[PDB]
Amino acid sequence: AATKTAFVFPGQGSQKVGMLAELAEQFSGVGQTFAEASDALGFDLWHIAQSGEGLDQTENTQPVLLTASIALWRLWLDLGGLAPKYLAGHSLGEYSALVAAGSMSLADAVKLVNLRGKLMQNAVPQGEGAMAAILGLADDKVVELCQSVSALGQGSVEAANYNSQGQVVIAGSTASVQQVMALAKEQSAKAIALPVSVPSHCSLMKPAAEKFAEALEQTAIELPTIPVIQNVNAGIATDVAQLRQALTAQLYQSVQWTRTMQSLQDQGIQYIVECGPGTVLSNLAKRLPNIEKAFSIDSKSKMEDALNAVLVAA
């Protein structure tokens, strides 16, 4: 039981062709985790991860990433890692956290996030939605820009991820996203388009969220054995009813990641381990004033180094 360490689980965009391949050669538990998830789904998730064929289509990205995350979680615990005090995951990663915490089985969740991906892909016609990063402005300013552009009638655009102070991802109708990017730049901020087509975490997702809720409502969920800070409110549910309600609202509302990292620090968390491929959540966590260090456990060397450092600090 690690008192000063939390685990964070990444989402869409952290996948990469060839991920975990070195760690799978050395540890057979990785390939076993992938075979178990692939059996649930009926297609080979390791092949997608290693060939890239279909890797970037989110109905595949989401179960591939959740499986990769749980493979590394299982290896960490197998190699003697301590159990973190809190869990949190970014969008898809919230489901990875719930599996890690025993709230859902690997098989149920890999099916659920395959469905989540299918529904997200179909939420708006291709090309009609977009996401972009706005850099250098406060949260309230990005909200105001989005509200004003949305009032022009040309479409809808909303703050979709609060990722760090000064880093807000927006989402909505393609032209409205482009308009906010232009106004952000005119007001001396920076803005870049992201390589997705699905406008996640905005109101354009509400119909897809309604469809997904029907499936979610009939899925078995238990309260996690490690508390999970959830995206919609940066909060920890008291009921299973609250946990489900926060999951049901997650897809069409902003990801409160800045507040999640603030909440972790306000609980004495000082080390963060990114349990998944890549370093996205790590880089969002180094620059935080109370986070001593953040680790990814992506490789043989990263895993043992993070195993060591956390064991020392704890």
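Quick note: we count residues from 1 along the sequence shown, nothing fancier.
Stretches compared: 14-22, 298-306. Higher mean C-alpha B-factor in the entry: 298-306.
Higher mean CA temperature factor between 92-100 and 73-81: 73-81, per the PDB entry. Highest C-alpha temperature factor among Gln253, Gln267, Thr67, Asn60, as the PDB entry reports it: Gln267. Comparing C-alpha B-factors across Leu145, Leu119, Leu223, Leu137 in the deposited entry, the largest value falls on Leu223. When all modelled residues of the chain are sorted by CA temperature factor, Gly155 is found within the highest third. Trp257: CA B factor lies in the lowest third for its chain, per the PDB record. When all modelled residues of the chain are sorted by CA temperature factor, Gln187 is found within the middle third. Ranked by C-alpha B-factor against the other modelled residues of its chain, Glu210 falls in the lowest third. For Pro227, the recorded CA B-factor ranks within the middle third of the chain. Only modelled residues enter the ranking.
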